[PDB]
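Here the structure is laid out as structure tokens; the discussion comes afterwards.
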Amino acid sequence: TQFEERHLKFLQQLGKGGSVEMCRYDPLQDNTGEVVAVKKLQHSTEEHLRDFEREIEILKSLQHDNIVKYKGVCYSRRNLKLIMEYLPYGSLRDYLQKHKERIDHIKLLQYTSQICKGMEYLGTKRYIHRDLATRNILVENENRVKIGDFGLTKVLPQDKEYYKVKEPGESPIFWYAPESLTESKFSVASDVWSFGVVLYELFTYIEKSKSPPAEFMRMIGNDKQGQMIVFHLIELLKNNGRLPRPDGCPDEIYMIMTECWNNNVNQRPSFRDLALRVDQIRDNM
Ligand SMILES: C[C@H](Nc1nc(-c2c[nH]c3ncc(Cl)cc23)ncc1F)C(=O)NCC(F)(F)F
């Protein structure tokens, strides 16, 4: 089913990544329409449009409880709008920064298992998210989270287990595996490294002073700037410099983070095994 542009009523700006707006799709024009999230492009260049069309195809191909729902496209070709369900509790980063320790460990592990499940499903389609962070996870309700923003997602070539990015754009370097920093190589294993960073974000309750950029900048020295940050971060990770155990983090959860942060790509755990491990921890708790 088609969405007519004229019937998309702007309600509120949600955020910028392209931008996402909360809209009411109201073809009856009586304000009874469904509230949806709408992604559109700021700079709709031929390159960005081709890349956005790929994100649309990726999201449309995913049907999982822990993946944000594709609804449709509004064409009303060169100015596409991606229509998705609107998740009312916001990003997990915002949700956790607001409630903090009121979200207990059993609740954090329920979200962790769900993130692993959405990620494991994505891997079955040979998709590499490349931007797994709490800012890209949405909260549907207290019992369900979903992965969002497939804007950096790559499809693995037929004959390779990695995707090489030739000319990188803005990169979330503080969530990047060493091989992503050194060779711009992205794989299921590098999303697993990012997942360990997400686990760290959760157990630090999004405390700004404890954030992965704040901690890695302290380890490399706050005097490092621009490309020197990448140079020093690479040497730090090579020499086993890592984010600390968050205060009050259960030992078994910290063990998982450290295993995701293995310099050896092949030694990192799989998302299938991480969901099994997290569910066992939840069961024991
Ligand atoms: C740029 C957009 N930013 C934001 N979006 C929302 C949001 C709430 N509820 C939502 N429901 C469906 C969608 Cl698609 C977005 C939101 N809230 C705060 C934001 F800063 C974004 O896509 N962020 C990635 C992810 F969706 F994973 F959280």
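In the structure tokens, chains take the letters A, B, ... in the order shown, each chain's residues start at 1, and ligands count up from 1 in the order shown.
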
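Here the residues within segment 94-204 of chain A that DSSP labels strand (DSSP E or B) on the basis of the backbone are residues 127, 128, 137, 138, 139, 140, 141, 144, 145, 146, 147, 154, 155, 163, 164, 185 and 186 of chain A.
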
Requested in this report: Compute the set of protein, DNA and RNA residues whose minimum atom distance to ligand 1 is at most 6 Å, using only C-alpha atoms and all ligand atoms, and state it as a PyMOL selection string.
Outcome: chain A and resi 14-17+19-20+37+84-88+90-91+135-138+147-149

Query - Distance criterion (only C-alpha atoms): nearest to residue 118 of chain A out of A:71, A:105, A:40, A:64 - result: A:64

Can you tell me which residues surround residue 61 of chain A at a distance of at most 12 Å, considering only C-alpha atoms, apart from same-chain residues fewer than 5 positions away, and format the answer as a short mmCIF file (atom, residue, chain, number, x, y, z; two decimals) with C-alpha atoms, in the first residue's frame?
```cif
data_model
loop_
_atom_site.label_atom_id
_atom_site.label_comp_id
_atom_site.auth_asym_id
_atom_site.auth_seq_id
_atom_site.Cartn_x
_atom_site.Cartn_y
_atom_site.Cartn_z
CA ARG A 54 19.67 0.34 -0.56
CA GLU A 55 18.79 1.02 3.16
CA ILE A 56 15.08 0.88 2.18
CA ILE A 67 14.16 -5.01 14.07
CA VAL A 68 12.20 -1.71 13.55
CA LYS A 69 9.26 -2.34 11.12
CA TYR A 70 9.36 -1.07 7.56
CA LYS A 71 5.86 0.29 6.59
CA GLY A 72 6.37 1.74 3.13
CA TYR A 121 18.87 -12.60 12.35
CA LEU A 122 20.60 -9.74 10.39
CA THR A 124 21.63 -14.76 8.45
CA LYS A 125 20.92 -12.26 5.55
CA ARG A 126 24.74 -11.53 5.28
CA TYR A 127 24.14 -7.90 6.37
CA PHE A 150 20.33 0.59 8.78
#
```

Query - Nearest candidate to residue 108 of chain A (options A:42, A:32, A:204, A:66; using only C-alpha atoms) - result: A:204

Query raised in the report: Restricting the calculation to only C-alpha atoms, which member of A:65, A:26, A:161, A:120 is positioned closest to residue 6 of chain A?
Result: A:26

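Excluding residue 167 of chain A and any residue on its chain fewer than 5 positions from it, the residues at most 12 Å away by only C-alpha atoms are residues 183, 184 and 185 of chain A.
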
Can you write just those residues out, N, CA, C and O atoms, as a compact mmCIF listing (two decimals), in the first residue's frame?
```txt
# COMPACT_ATOMS: atom_id res chain seq x y z
N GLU A 183 42.15 -1.37 8.40
CA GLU A 183 41.89 -1.75 7.01
C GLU A 183 40.49 -1.42 6.48
O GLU A 183 40.20 -1.78 5.33
N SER A 184 39.62 -0.79 7.30
CA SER A 184 38.22 -0.44 6.91
C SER A 184 37.42 -1.72 6.52
O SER A 184 36.59 -1.69 5.60
N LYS A 185 37.72 -2.85 7.23
CA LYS A 185 37.11 -4.17 7.01
C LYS A 185 36.02 -4.38 8.02
O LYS A 185 36.27 -4.32 9.23
```

Query - Nearest to residue 252 of chain A by atom-to-atom distance, counting only C-alpha atoms, from A:152, A:278, A:217, A:202 - result: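 So, comparing all the options, the nearest one is A:278.
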
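Of the listed residues A:76, A:240, A:211, A:280, the one whose atoms come nearest to residue 199 of chain A is A:211, with distances taken using only C-alpha atoms.
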
Query - Spatial neighbours of residue 109 of chain A, 12 Å, only C-alpha atoms, chain gap at least 4 places, as a PyMOL selection string - result: chain A and resi 103-105+113-116+143-145+198-200+202-203+249-250+252-253+256+274-285

Query - Within 10 Å of residue 171 of chain A using only C-alpha atoms, minus same-chain residues under 6 positions, as a PyMOL selection string - result: chain A and resi 130-131+152+180-181

Report task. Would you mind writing down, as a count of residues only, each residue of segment 45-249 of chain A that DSSP on the backbone assigns to alpha helix (DSSP H)? Result -> 87

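Atom pair atom CA of residue 157 of chain A / atom CA of residue 186 of chain A has a distance of 11.4 Å (rounded to one decimal).
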
Query raised in the report: Taking only C-alpha atoms into account, which of A:258, A:2, A:187, A:112 comes nearest residue 162 of chain A?
Result: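 Looking only at the distances to residue 162 of chain A, the closest residue turns out to be A:187.
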
Query raised in the report: Rounded to one decimal in Å, what is the spacing between atom CA of residue 244 of chain A and atom CA of residue 220 of chain A?
Result: 14.0 Å
